[PDB]
């Protein structure tokens, strides 16, 4: 399957992220997000795509396996933990990745969200490291939709 997520939020920060399930156990994720402060910004899929209350109603990190926060490449990680994304000097974050635990059929209807700052991939030894990665505040989210 194929998907897309139109990000946005309070003021700056907004972009587009598409998902394409190339095969039954590996997914391609490509997207661009402008308006971000140069530097790393965590990226995660949250349980819901309900933006009624903006990104506050998006629920928490999509985590079916009941794991703990981790890195994309980590094993013990939330299915929705896409780790970080780097916003170059221009404040533009462009990326492409092949996460193989996050499937298009498992995240449609949900949401993609970028945070204030860097995700410490559950290794920051902060009360929130193992929970969110202490990525800070959610500044942009989009509902992961079905696409052609």
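Residue numbers count along the first chain shown, from 1.
TODO: On mean C-alpha B-factor from the PDB entry, just flag whether 106-114 or 22-30 is the higher one.
DONE: Taking the mean B-factor of the alpha carbons in each, 22-30 is higher.
Task: Selected stretch [higher average CA B-factor]: 61-69 or 35-43 - done: According to the PDB entry, the answer is 35-43.
Open item on the list: Among 15, 133, 11, 125, where is the Cα B factor highest in this entry?
Closed with: The C-alpha B-factor peaks, among 15, 133, 11, 125, at 11.
Task: Largest Cα B-factor, entry values, listed residues 50, 90, 81, 119 - done: By C-alpha B-factor in the record, 90 ranks first.
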